[PDB]
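> Chains as they are written, first to last, in the entry's author numbering: chain D, 2 to 251; chain F, 8 to 241; chain E, 2 to 244; chain c, 2 to 205; chain w, 331 to 429; chain b, 1 to 220; chain C, 1 to 231; chain G, 4 to 241; chain d, 1 to 199.
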Amino acid sequence: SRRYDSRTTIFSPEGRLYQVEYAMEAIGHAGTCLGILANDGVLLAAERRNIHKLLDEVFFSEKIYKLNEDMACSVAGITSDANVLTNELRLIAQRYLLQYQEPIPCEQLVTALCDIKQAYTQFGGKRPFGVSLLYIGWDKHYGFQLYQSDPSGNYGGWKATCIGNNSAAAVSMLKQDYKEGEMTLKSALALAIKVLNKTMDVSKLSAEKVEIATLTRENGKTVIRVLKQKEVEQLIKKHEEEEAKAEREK
Amino acid sequence: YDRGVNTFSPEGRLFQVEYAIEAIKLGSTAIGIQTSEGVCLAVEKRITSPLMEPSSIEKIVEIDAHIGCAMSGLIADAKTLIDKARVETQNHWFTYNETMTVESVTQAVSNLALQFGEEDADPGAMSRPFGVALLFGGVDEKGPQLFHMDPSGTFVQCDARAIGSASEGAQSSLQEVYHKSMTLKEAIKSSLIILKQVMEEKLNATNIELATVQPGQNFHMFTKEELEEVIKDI
Amino acid sequence: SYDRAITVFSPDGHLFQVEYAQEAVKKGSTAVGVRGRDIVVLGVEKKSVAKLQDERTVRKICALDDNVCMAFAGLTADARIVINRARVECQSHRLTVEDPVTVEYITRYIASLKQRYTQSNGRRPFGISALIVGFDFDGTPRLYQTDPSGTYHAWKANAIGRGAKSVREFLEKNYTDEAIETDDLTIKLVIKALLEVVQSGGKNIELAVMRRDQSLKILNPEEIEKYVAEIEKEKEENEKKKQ
Amino acid sequence: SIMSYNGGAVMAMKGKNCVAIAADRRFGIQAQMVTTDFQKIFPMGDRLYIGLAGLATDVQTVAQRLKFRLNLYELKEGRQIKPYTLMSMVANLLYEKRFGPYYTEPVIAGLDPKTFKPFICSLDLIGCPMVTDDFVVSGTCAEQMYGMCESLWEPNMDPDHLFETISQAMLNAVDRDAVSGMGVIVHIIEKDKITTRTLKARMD
Amino acid sequence: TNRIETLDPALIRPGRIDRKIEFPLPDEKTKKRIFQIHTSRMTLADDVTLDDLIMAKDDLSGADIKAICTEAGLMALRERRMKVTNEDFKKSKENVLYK
Amino acid sequence: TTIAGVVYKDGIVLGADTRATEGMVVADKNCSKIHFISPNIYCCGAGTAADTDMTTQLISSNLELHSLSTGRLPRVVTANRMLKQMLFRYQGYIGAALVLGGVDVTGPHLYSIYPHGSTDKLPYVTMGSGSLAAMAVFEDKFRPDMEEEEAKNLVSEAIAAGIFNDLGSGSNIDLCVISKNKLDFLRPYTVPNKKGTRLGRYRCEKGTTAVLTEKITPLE
Amino acid sequence: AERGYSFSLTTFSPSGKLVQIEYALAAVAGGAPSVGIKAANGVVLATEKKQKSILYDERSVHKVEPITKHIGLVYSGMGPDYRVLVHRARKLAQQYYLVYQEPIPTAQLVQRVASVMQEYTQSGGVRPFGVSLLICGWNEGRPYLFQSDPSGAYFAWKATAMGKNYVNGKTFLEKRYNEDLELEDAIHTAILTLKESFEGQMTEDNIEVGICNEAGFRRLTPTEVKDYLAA
Amino acid sequence: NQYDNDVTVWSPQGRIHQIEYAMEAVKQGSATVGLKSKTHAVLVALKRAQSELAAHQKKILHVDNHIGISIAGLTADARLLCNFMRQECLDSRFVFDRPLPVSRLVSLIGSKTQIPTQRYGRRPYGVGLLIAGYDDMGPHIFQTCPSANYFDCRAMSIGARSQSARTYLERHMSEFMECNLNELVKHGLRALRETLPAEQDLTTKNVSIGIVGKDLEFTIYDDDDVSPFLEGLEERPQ
Amino acid sequence: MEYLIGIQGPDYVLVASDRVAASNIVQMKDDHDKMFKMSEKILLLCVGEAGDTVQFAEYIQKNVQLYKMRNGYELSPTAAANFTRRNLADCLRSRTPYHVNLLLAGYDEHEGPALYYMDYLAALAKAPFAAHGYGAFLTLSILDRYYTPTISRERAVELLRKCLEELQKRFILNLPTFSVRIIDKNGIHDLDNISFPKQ
Ligand SMILES: Nc1ncnc2c1ncn2[C@@H]1O[C@H](COP(=O)(O)OP(=O)(O)O)[C@@H](O)[C@H]1O
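The following block contains the structure:
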């Protein structure tokens, strides 16, 4: 028993938690997923790793989970652990609703899940959840929001960010292109198609390779929609027709 | 290799308990002297900076009005035992309407000795011994008593005892100067002298803490001025 | 449940997990605090200015009650846990006792919690250190600090995190009764101390201040820029017009 | 009785490709009225309403836990709930407290979200389900409502006649019950729209 | 060694190895000297500001900085240029660091 | 409620009426009282309605598991065991009165199960408020080894006796016929009751009900 | 006396891999092959039930198991583990049915089963299941074919293969199979893709086939399999 | 070295090393000797001090009016078992209103101490006992080991350098059954004395004596109450 | 026995409560406060059993304060009301039920002024005005007679005086003094006590 215990919840001599770091490495090898905030909405756009000729497409998405009437999340890492965490997120949000009869503020939902992940890092002797999440939502306190959480249970709010493979490239590109206070859903969609086009290993980029979701506010209700393949192809064509346009100038 | 916290050495010793005893050797040194006029307790504060408020260093605490305690080693571990001691004294007063004898309190705290272990235990039970040495100084029906306790759980009555890093030196010095008819003044004086000998910084009023328990007076922690009056007579 | 001793004694009598926890603290953003007369200021260093980042969501200065604020250095998640627990206890103190909360009390609570996690089966020490800052009823301003061991002490001024030794030396040499004679001077002292470890900016300094029975005030980077400006001015009107 | 402590009345009625659910609006404690706008009918989806009469605490609490479970259902599966399924879900929820039951007798009214075929039903306080092709009632004026609905209800009614029918039934039944009334609200739901009306009623 | 956690204590102990020195990963000043030193011995466009690069990477060491310095070289030699520009370092940064 | 059960030469005939009453008002005129347990086992339920519904669903579930696992058809003894043990465990607080019937490897089998957990294996049973009428019909006109149509006639006669002589029973008659290789879930057998035709037309014309407020919500 | 090991046996490697899961997958990709095809009007599962002697009675254990009346299962990997998962899936299905009085949707049963599988990658003292499951179902007119692997992850397939030589089977399916196929043609191509590996004379007792149309899930009788294997 | 750290691990040669190492903890304790006449049971114990300014560890503990014990080993385990024995005795008086027979108390201690030698991460009790008692079957001296084994002794000694005492006692067994109390305590004191170098000897400061008998409840003598026994010995010279 | 009363205006909530703490047949306290601050803009008026009122109210109070310290913004009076109602309803069928009747007054920066009525059975009801106690039976009608939804706070205080005077005239319980608070956009304001200077 002392022999077989891998000791997962323990400091390394430099002052770090090995299983958390390793989990972050696992995350690095997952499908790219990025999120951009705007003034009239917020969007998630993710690389699809489930891209094979025999896949049947029976769900509304692959990497975009709807958690609450105002709020939705995308994931990166081990998918089963994502199913666990998403179930638990659902539960949290519905509990808040049962207690306060009003939707849960996004930050509280994120904290509530992050405390679970942290718990897993501190005690129990279990492996941590090899999952990072991006959370998009809206609430009556801070409006449109984008958050991100890591397997350490540590989270943070962003105006735009990325997660998964080639995350850092995507982050740098966003540091170039972002537009604080001057962002729109249209512009952000362009940016998404751009960064996705550069970060994805397989260039040219088909709609069969990407998944786009937007969260917007229409007449007092919150709408979360996954873009149909047609609109996506329109976006891609727009990207190429802009790219072949700026190359003429020489 | 990894063994359990409840393993014996071939020599007959629990490695955790020994290691804890080792852990005491790093604590600030403390001196207790038993005397027919009362018991005195001194400890060096070991301030690591002039910026650190030294009044927030208490290595001497009141377990009850007639029982004080001086601690050496891992202070955080000491707090738990001190709390348990306080609660124990109060429960005995609650139940029997009389104060605790120093030996009874000492024993009570010493029962939390080897109460550590992995499997076959509560989920909130201790993982390792207490890395702390205590000196309980009190007054009861048997008069002035002083006890010493270590992480082995063995507690023993002592006439004059030192715990801490300068335990050996200070204990020798104590042996050279102790007799079962000293005055409390001579005891305090001696303590401050030995303390000055062993201390790394220069002995002053905000550098050690000193407390007495006499039969007619409840536990008394010496103020800055009261300390100055004694350090004056170096 | 998992009942294994993680924190145990080493043959030289050390708790190694506690030491590694303290390392984790040593890898933290720098945080300092000084105590004034009618102001207490805590400032925290690298906010990891990623610019596409919401600062509000990454603040390392939280409030425990209207009376007490706190900074930290170490593992942010562990800090979040400890902070929330401390908050609960701050309120339960007001339930069980009509009097509020003293900074020493909540310090004592937090300390005991960390120590508890150093000596329970299955658990792993929280890898944070905290600067607890407040004004107690009676008006005396107080600043304490805790540690992954569970030990705690009061300070006039202190620093934790990356390059805490440097800032601590500086504060040792610069904390006087002349400095921190005015609010504007205590805040100035903290900015002066923080500029001696920070990445040279001003957009990478957060400063929060608490004062009398008023609530916590966080400084917007405009005011921070102003203070660092008067700083650079005095660093060129008393250091330039001399050497 | 416990059910008469707050009073109240809920009725549901089938039409052609439409369905209707009505309730009085009184929140009263025994003889005394406290408010006249109390909600007894809760939307559990587009085109699916649940009507709760009984003890107002359990009205609110059953509605809330039902919305709990329902939200979870609609998230796990990617669809609104079917009315049969809602009925069985309510039944389960009520029977969970078989030995300290909620004092509500729910009425469900709604259209199959795949088809359009109307569904109405009612349940015990312990969740015995009961589906009909005509009407269902619950509350302190159950006898009255039965008497009106047996005499007014025709089979294939169009939305206007469903309206007139359920309105007259509720009004005349409720106006002979001391602890029901203070207004009547009627939701007639069809495939294309949902009409909510508040009738002119006595306030005594 | 990069990782001192995999050394036998017998080698680390003193006697055998006394002075134990660490090599921190620049920051904002050292890098300036490192960048200035690596770009000061070449036709580095006096336009750009080594700063942009310094504040660029997250914790880039004294190498990555050198790679960017060199990257431009090949950029420079590529499109036939004796004086690198901006993108040259950019492509370098994104060509080395990122990738 | 009047439920009845008989054993004939080739199997089992169950009968039930269709009225459900709340106090002394008919709440359901077309209540289904004969529950599916397994393909070969059916159960009439009287007593506390909710408890017979949920009892019988629980047992249906466990038996589906059991047949799925065994790969064979459930036995009627199995249903009887499950029910009677669960019911005894609850000490009659679960007001389930049941007529359990089916066809096995061992043939046809009819148990009556009382809420306290007692059972009886009998050739003919009745349960419910109308049970003594039906039992009179059986004790007068039952013979062993009847044929199917004879048994159907007898059962429908007993249920009728219940319907017309008990105020707790009424409306239609439902039969369930179970043989070694046939299942006739006739519902309803024969409605000996009709609501009289409305002589008057109390049709209310549009606008006859006063409205304060309207609210149209368009859907899709 | 006994308790339970409380720590995870499945842990992240420095590369970020859950090594035990990949080794469990190695155990899957060592079991007898199984192919599943979703075909417009229904679903076909087939597997190689090849014993090791005339002594084994093939009418005693089956590999194509029913979960309910409308959902069916086959596996690749370790037998016992499959048995456990099948019991548990039947139980889950019946929980759902108690609560909603409506037969469980195939996707939901797949979710639940997958959750069970994921538990044994994080709960203490255990190994993951060495089984991949193919789950067929009929719900809401459409047919459904899912796969769940030992990690607890699940995927929806039009057609797929698991077990030994699953790659070549998969390619063969990609080519020699497409939509607009009736169940009969799907059974045909299923036995065809199973024949791409069945070393020996494929008899009516060497393979097991199950179908799932909008009449319920069922195992094909040995007779029916013989008639189909006449091709 | 892989068979050293756990009590649940048999060695390839049929032994359990944690139990033996645990038994070695008994030899680390100061020596104590226990002998019986036909009417009395006597424990004599060499107390022991850390420094000269510290009191001597107490070594004889009172359990019930008819039972006392002498300890050798970890004092915390000693007190653990001692509280258990006192509790059992009180339970016996509570329920039966008769003193608990010594042999049964000992059996209980065997049962209690056997348990942790069989479960992982538990350790054996690091303490050996001599139990002096009187019941309806007369005086008794029992010995308990960390191995959870126990023995009914006619006389015994345990602790460091107790081999000497064991030898002496083994010589004068034939005398004991007819000795008077003073002579019995004397023999115990001599046995205890042979467990010292010629340089150091018995004192009223490092000796405790304990007597129980047919007309005497268990009693402990120390300090000056011991002097009447010591002042009555032959100054054994080297 | 205790009296509570709340009158919601277009942009304010007026609340008033008796100041008597009574035991047996005697008034033991005449400056007792029935009100509880929960937020800067929420008042909880609790009445009922001896121990349950303060235990419950204080529990709710601590949890609201906790929400404020945990999230940085305050709860809305609606979220608060449903929170208290959930807590009260969960304990109703438990070993330790709470016999409390309550009002919850508040002001949200968005949805405006709100007044919630709660029975001890934990039924939540929004109202323009309400009251708790036996006195309510004599006062509600007066409010029905003289409340208009556009009522100014001056007129509100006057109307309140009408109710309290009615109490003075008909009610057999004494009730000489009344705490009066008003909540608006700017927070909780204490108004001078409505009293009837008996002795
Ligand atoms: N700050 C710096 N100043 C000068 N050269 C540097 C600096 N940082 C990196 N380099 C260059 O990069 C190389 C890194 O080698 P080294 O420092 O030995 O790394 P490692 O120890 O990992 O091999 C050196 O050859 C050096 O020339």
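Positions of the beta carbon are idealized from the N, C-alpha and C atoms, including for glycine.
Taking 8 Å as the threshold, find out whether the region 12-28 of chain C comes into contact with the region 351-361 of chain w through three or more Cβ pairs.
They do not touch, by the three-pair rule.
> Taking 8 Å as the threshold (C-beta atoms), are C:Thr10 and D:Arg3 in contact?
Numbered from its first residue, the first sequence carries residue 3 of chain D at position 2. Numbered from its first residue, the seventh sequence carries residue 10 of chain C at position 10. Cβ atoms of D:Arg3 and C:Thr10: not closer than 8 Å.
> Buried or exposed: b:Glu149, going by 16 or more other Cβ atoms within 10 Å of its Cβ?
Residue 149 of chain b sits at position 149 when you count from the first residue of the sixth sequence. It counts as exposed.
> Within the present structure, is the beta-carbon of w:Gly392 separated from the nearest heavy atom of ligand 1 by less than 7 Å?
Within the fifth sequence, residue 392 of chain w is the residue found at index 62, counting from 1. True, at least one ligand heavy atom lies under 7 Å from that Cβ.
> Count the other CB atoms within 10 Å of the CB of G:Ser110; is the residue buried (16 or more) or exposed (fewer)?
Numbered from its first residue, the eighth sequence carries residue 110 of chain G at position 107. That one is exposed.
> Exposed or buried, d:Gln168, counting other C-beta atoms within 10 Å across all chains shown (16 or more means buried)?
Translated into the one-based positions of the ninth sequence, residue 168 of chain d becomes position 168. Per the 10 Å Cβ criterion, exposed.
> Buried or exposed for C:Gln118, please, with buried defined as at least 16 other CB atoms from any protein chain shown within 10 angstroms of its CB.
As a working note, residue 118 of chain C is residue 118 in the seventh sequence. Buried, because 16 or more other Cβ atoms sit within 10 Å of the Cβ of C:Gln118.
> May I have the straight-line CA-CA distance separating c:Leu76 from D:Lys67, to the nearest angstrom?
Indexing the fourth sequence from 1 puts residue 76 of chain c at position 75. Indexing the first sequence from 1 puts residue 67 of chain D at position 66. Their Cα atoms are separated by approximately 7 Å.
> Restricting to Cα atoms, I'd like to know which of C:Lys17, C:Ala231, C:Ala32 and C:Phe12 is closest to C:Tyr166.
Here residue 166 of chain C refers to the residue found at position 166 when the seventh sequence is read from its first residue. Here the closest residue by C-alpha is C:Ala32.
> Exposed or buried, what is b:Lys195 when buried is set at 16 or more other beta-carbons lying within 10 Å of its beta-carbon?
Residue mapping note: residue 195 of chain b aligns to position 195 of the sixth sequence, counting from 1. That one is exposed.
> Report the start-end ranges of each beta strand (DSSP E) in the region 104-143 of chain G that is 3 residues or longer and not cut off at the edges.
Taking only runs of at least 3 residues, the beta strand (DSSP E) segments lying wholly in the region 104-143 of chain G are 130-138.
> At least one CB of chain C closer than 8 Å to the CB of D:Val85: is that the case?
Your numbering for residue 85 of chain D matches position 84 in the first sequence. Judged by the 8 Å Cβ criterion, D:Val85 is in contact with chain C.
> Look at the alpha carbon of E:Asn239 and the alpha carbon of w:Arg371, and state the distance between them as a whole number of angstroms.
Counting from one through the third sequence, the residue named residue 239 of chain E turns up at place 238. Counting from one through the fifth sequence, the residue named residue 371 of chain w turns up at place 41. Those two C-alpha atoms are separated by around 38 Å.
> Using a Cβ distance threshold of 8 Å, determine whether the region 179-191 of chain d contacts the region 39-48 of chain d, with at least three qualifying pairs required.
In short, these stretches touch, since the Cβ pair count reaches three.
> Among residues of its own chain, excluding the 5 on either side of C:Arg219, which ones have a beta-carbon nearer than 6 Å to its beta-carbon?
By 1-based counting over the seventh sequence, the position of residue 219 of chain C is 219. Here the set comprises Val64 and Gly210.
> How many Å lie between d:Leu14 and d:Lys37 at the Cα?
For the purposes of this step, residue 14 of chain d is taken as residue 14 along the ninth sequence, with counting starting at 1. For the purposes of this step, residue 37 of chain d is taken as residue 37 along the ninth sequence, with counting starting at 1. Approximately 14 Å, taken between the alpha carbons.
> w:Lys362: beta carbon under 7 Å from a heavy atom of ligand 3?
Only ligand 1 can be found as ligands here, which leaves ligand 3 out of the picture.
> Under three-state DSSP, which class holds G:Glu173?
As a position in the eighth sequence, residue 173 of chain G is number 170, starting the count at 1. Reduced to three states, the DSSP call for G:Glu173 is helix.
> Under 7 Å: does the beta carbon of E:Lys189 sit that close to some heavy atom of ligand 1?
Your numbering for residue 189 of chain E matches position 188 in the third sequence. Checking the Cβ of E:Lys189 against ligand 1 gives no.
> Using a Cβ-Cβ cut-off of 6 Å (strictly less than) and excluding sequence neighbours within five positions of C:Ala29, which residues of its own chain qualify?
Position 29 of the seventh sequence, counted from the first residue, corresponds to residue 29 of chain C. Around C:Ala29: no qualifying Cβ.
> State buried or exposed for w:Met412, treating a residue as buried only when at least 16 other CB atoms are found within 10 Å of its CB.
Stepping through the fifth sequence from its first residue, residue 412 of chain w is reached at position 82. Result: exposed.
> Output yes if chain E places a C-beta closer than 8 Å to the C-beta of d:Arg70; else output no.
Locating residue 70 of chain d in the ninth sequence gives position 70, counting from the first residue. Answer yes: the Cβ-Cβ gap between d:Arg70 and chain E drops below 8 Å somewhere.
> Please indicate yes or no: does the CB of w:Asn332 lie closer than 7 Å to some heavy atom of ligand 1?
Here residue 332 of chain w corresponds to residue number 2 of the fifth sequence, with the count starting at 1. Yes, Cβ of w:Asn332 sits closer than 7 Å to a heavy atom of ligand 1.
> Is DSSP giving D:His30 helix, strand or coil here?
Locating residue 30 of chain D in the first sequence gives position 29, counting from the first residue. Coil, per DSSP.
> Leaving out five residues on either side along the sequence, give the residues of the same chain with a beta carbon under 7 Å from the beta carbon of c:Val35.
Stepping through the fourth sequence from its first residue, residue 35 of chain c is reached at position 34. Once the five neighbours on either side are set aside, the close Cβ partners of c:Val35 are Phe28 and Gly29.
> Give me the subset of the region 51-64 of chain c whose CB atoms are less than 8 Å from a CB atom of chain d, sorted by chain position.
Hits within the stretch, in order: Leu56, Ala57, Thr58, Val60, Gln61 and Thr62.
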